[PDB]
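Read the structure below first, then the notes.
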Amino acid sequence: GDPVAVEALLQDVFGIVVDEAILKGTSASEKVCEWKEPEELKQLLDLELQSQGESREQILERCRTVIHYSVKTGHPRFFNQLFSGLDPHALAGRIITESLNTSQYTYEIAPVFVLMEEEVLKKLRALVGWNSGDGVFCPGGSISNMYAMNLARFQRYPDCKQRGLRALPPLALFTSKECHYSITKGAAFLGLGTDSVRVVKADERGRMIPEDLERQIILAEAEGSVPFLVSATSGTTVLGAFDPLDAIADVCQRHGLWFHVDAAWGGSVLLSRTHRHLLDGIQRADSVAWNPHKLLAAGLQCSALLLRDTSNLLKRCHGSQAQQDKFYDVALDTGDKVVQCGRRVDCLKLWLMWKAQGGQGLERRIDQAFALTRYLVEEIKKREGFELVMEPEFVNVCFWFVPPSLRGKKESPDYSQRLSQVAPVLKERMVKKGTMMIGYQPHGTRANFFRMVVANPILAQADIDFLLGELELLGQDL
Amino acid sequence: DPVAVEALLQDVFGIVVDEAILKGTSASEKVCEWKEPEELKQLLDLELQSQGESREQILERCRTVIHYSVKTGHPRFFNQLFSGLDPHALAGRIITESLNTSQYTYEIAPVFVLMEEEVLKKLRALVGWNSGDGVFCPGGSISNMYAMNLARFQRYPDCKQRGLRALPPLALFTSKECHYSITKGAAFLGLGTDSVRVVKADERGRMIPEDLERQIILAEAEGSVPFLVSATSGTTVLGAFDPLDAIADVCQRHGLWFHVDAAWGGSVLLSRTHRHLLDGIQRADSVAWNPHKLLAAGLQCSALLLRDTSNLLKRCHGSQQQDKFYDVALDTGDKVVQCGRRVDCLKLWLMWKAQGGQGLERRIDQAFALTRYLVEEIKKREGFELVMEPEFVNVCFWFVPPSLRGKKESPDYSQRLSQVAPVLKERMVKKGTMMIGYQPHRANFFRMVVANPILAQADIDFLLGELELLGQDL
Ligand code: NA
Ligand code: NA
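So the sequences go chain by chain: C and A.
According to the authors' numbering, the first sequence holds residues 12 to 333, 338 to 493 in order.
According to the authors' numbering, the second sequence holds residues 13 to 332, 338 to 458, 461 to 493 in order.
Shown next as structure tokens:
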């Protein structure tokens, strides 16, 4: 409780965070990762909790250690996930949130943030194209899609809330083959079962095929299942595709189906007049999942769920059966909207950055990410040994690195099997060297290829010249 | 510009220290700065615009957001089950937000992939298990939804693929003092609220094993298949603790999943004195435990522990070679249904390292002690009436105003008293001297929570003296 000791502690800890985590964490001169084999890091960390406390110095050193051996996700050469970058205003928002440590649950304990969330959700709905609606923030995009499924099930068969799924006919939902696994996880968690997820084929560019969607819908109807929801993707996690929302909307409307748009990754594109055409027709959706923590670098878990409904379907669905004595408009309380009880404050980090950058500052960051995606594509097409998997529609640049030993050997019967062995070796070498982290995955018959993500707001051409030169160095003997 | 970033955050942290941490823990300051919703909207000027704002305007927005927010760490904040500001946990939280990674793979979160297991390993130890599984979740409501789902999958693994229509009607059982997340989770998981069979609670708010087993037998007679029993070791209102060793016996006789919702009261396991309240918890299949509530770790410290050592957690929430260059068993992505997951272990681990097991024991024991002092002063003071003897740190009590003292036999005494707490709540919130919760159950009564680590007897003398002041004309 001693205030002077507390301030001195937090100020000392903040100095280590600033120097070692923020400044040194975003410097290209430092490493992205200080690799240690698990057991060696176990010993280095000395994690075992004990009965006796430790001195101030031993804790501050545990901070320096935790920072040092952690990956620097805000590094200009961190391309391993869909998120990248460390916005200082967002960080300022994050710190204020953790210090106030409240629950986004009632106006009584979170008055500022209960209103802030309403405004932010109102702006997001505007960028979607709605002048009215409902919505909530959720802990991750996976939960935003489970809400959408559940809301569709309840909107069509409200008895499900009480009698359960055994009182309903078999239900069928539809999503692209390029979806995030959160649809199949949510379907089983919601009791529908993985079989209830009918996969729709994607075209050459990774976009759902509206002709096959209805073909699936009609077949599902013929098997006894009842179509109720369609999930399009506006920014797949691998290729960065954008499903045709206006063509899928037509299909949903022709069958009176819930139209949900998983825009967790690509929904942030709606802030740029230049590239927002990629989500044309999204205003015809019933629900939209949108994670500004990915592209705008707001920090996890910035995950929103927007709804076009204006009848409190959200409260009637996730509400309970239990005030009439409180001294304020209880419409501000959002407890009946979610199935959670306590909920973090996830709007401040986004709102504060948005206040500092302005709508313009965030547009340029999106435009600046698309611009650098062109530069990366330029260098891949100009450089030998780098082969683009496909033309990128987003900031996801998928590409192989063909080492010298395989260039020209495409007609070899085992060309695929050996080329698939290249990225795993290049990934291991870059992590242990600590120079960069790039993701890679197989995609069906396609061999292990990289997946760059041009999203870090401090990225520069020099970083793309390095990672491309770095791969050439690390794969010269392959 | 590195210097601009450093100078920006350093200036922002100065505002956080003064207004949020120091002034937030000062008893001379207010707990809440009440503003009518419409006024606060205009005051805050939340509307987002095309043009950004200057550094000066941002720093001013920080102080304003802090000023009008509630001070959950104030010595006179008793509105929720959480209260207090552990500085070590706060340090961990800031380190967490700055490194901004996902508790998903050892590749991107090597330090925390190990840290979390050790913490979860210590929690399983305090439960009484030398082995098991577990993960952190975003709130205890999700910890109970996972537990429900794990039981459904463990008994009927075909459910994951074929759904609930491929299964017989399922029935779960819980006390009338359960968290409402049970009825929500049951509906969210597709079982339906009717699948939740309510069991009667005794005079102390505790589940009655005689009624539990009676319901189970009725469920079997109606065609349903009992599969799970959800006990509570620290209800949200009264602070009850179900008899875990008696319910375990019933679960044992019917081969049912025994889950213990210890989100609130699980922290008692750190005190040798008071851990007898959870005897039999080592006989559970699963246990939900939130260190953010009592220990002041900060939301969302909510764990889900398992006695299972057969990777039931991955087989249930997983997704269905890759060639990665390290033991992929370290990755915990298949354990949860989320994809990216926050790091919630550092704040607890750092505090536990600084306080030691003894320092955290000291806090729990001192919370029970201060809870007794509150009960002492309530029984000695006129106008304060205890609802029932508290077994935890939840002290439920009425305040009978002077106009109702001695009039207990009036036919409308109860109705008149139920109108007292709502007015005392409004007057304390608009005055800003303290925030105490109250709930309906006979008549609206208060629910103190002796959890703030910096609480003192002077604070208990104030809230009792303050209530008398706010209700002298009622
Ligand atoms: Na090329
Ligand atoms: Na009394």
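Beta carbons are placed, not taken as given, at the ideal position from N, Cα and C, and that holds for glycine.
Who are the near neighbours of residue i in its chain, counting only those whose CB is closer than 6 Å to its CB and skipping five residues on each side?
i	result
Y430/C	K424
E225/A	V262
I473/C	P87
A32/A	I78
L307/A	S279
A231/C	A183, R209 and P238
I'd like the list of long-range same chain contacts for residue i, defined as Cβ closer than 7 Å, with 5 residues on each side in sequence excluded.
i	result
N161/A	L201 and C328
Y455/C	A438, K442, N463, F464, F465 and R466
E45/A	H79, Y80 and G449
Which of the three DSSP states, helix, strand or coil, is assigned to residue i?
i	result
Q355/C	coil
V410/A	coil
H266/A	helix
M467/C	strand
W369/C	helix
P303/C	helix
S155/C	helix
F401/C	strand
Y455/C	strand
residue 11/C	The first residue shown for chain C is 12 and the last is 493, placing residue 11/C beyond what the model contains.
residue 459/A	No coordinates are present for residue 459/A, because the numbering of chain A runs from 458 directly to 461.
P439/C	helix
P419/A	helix
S114/C	coil
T108/C	helix
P99/C	helix
residue 334/C	Missing here is residue 334/C; chain C as given proceeds from 333 to 338 without the residues in between.
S298/A	strand
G26/C	helix
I194/C	helix
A121/C	coil
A308/A	coil
residue 500/A	Limits of chain A in this structure are 13 at one end and 493 at the other, which puts residue 500/A out of reach.
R284/C	coil
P169/C	coil
residue 335/A	Note on chain A: numbering goes from 332 to 338 directly, and residue 335/A within that interval has no coordinates.
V345/A	helix
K425/C	coil
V139/C	helix
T321/A	coil
residue 335/C	Any structural detail on residue 335/C is unavailable, because chain C resumes at 338 straight after 333.
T84/A	coil
Ordered along the chain, which non-local residues of its own chain (more than five positions away) have a Cβ less than 8 Å from that of residue i?
i	result
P407/C	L250, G251, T388, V392 and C413
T195/A	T205 and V208
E394/C	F401, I479, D480 and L483
Residues bridged to residue i by DSSP?
i	result
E50/C	The partner list for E50/C (beta bridge, DSSP) is empty, contrary to what the question assumes.
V147/C	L316/C
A213/A	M219/A
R461/C	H458/C
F89/C	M452/C
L184/A	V208/A and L240/A
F253/A	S245/A
task: Using a Cβ-Cβ cut-off of less than 7 Å, give me the residues of the stretch 40-71 of chain A that come near chain C, in sequence order.
output: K47, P49, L52, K53, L56, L58, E59, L60, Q61, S62, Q63, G64, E65 and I70
query: For the stretch 364-383 of chain C, which residues have a beta carbon sitting closer than 8 Å to at least one beta carbon of chain A?
result: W366, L367, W369, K370, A371, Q372, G373, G374, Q375 and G376
message: What are the residues in the stretch 168-202 of chain C lying within 9 Å of chain A by C-beta distance?
response: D170, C171, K172, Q173, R174, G175, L176, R177, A178, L179, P180, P181, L182, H191, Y192, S193, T195, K196, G197, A198, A199, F200, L201 and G202
message: By the 7 Å beta-carbon criterion, what residues does the stretch 239-269 of chain A contribute toward chain C?
response: none
- prompt: Listed from N- to C-terminal order along the chain, which residues in the stretch 458-485 of chain C have their beta-carbon within a distance smaller than 9 Å of any beta-carbon of chain A?
  reply: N463
field: Interface residues of the stretch 348-361 of chain C facing chain A [CB-CB below 8 Å]
entry: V354, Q355, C356, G357, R358 and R359
The stretch 131-152 of chain C: positions lying closer than 8 Å to chain A by Cβ: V131, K134, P150, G151 and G152
query: Can you list, in chain order, the residues of the stretch 91-105 of chain C whose Cβ is nearer than 8 Å to any Cβ on chain A?
result: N91, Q92, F94, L97, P99, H100, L102, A103 and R105
- request: Identify each residue in the stretch 290-323 of chain C for which the Cβ-Cβ distance to at least one residue of chain A is less than 7 Å, and report them in chain order.
  value: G310, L311 and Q312
message: For the stretch 398-415 of chain C, list every residue whose C-beta sits within 9 Å of some C-beta in chain A, in sequence order.
response: none
Positions along the stretch 21-35 of chain A whose CB lies within less than 8 Å of some CB in chain C: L21, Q22, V24, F25, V28, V29, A32, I33 and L34
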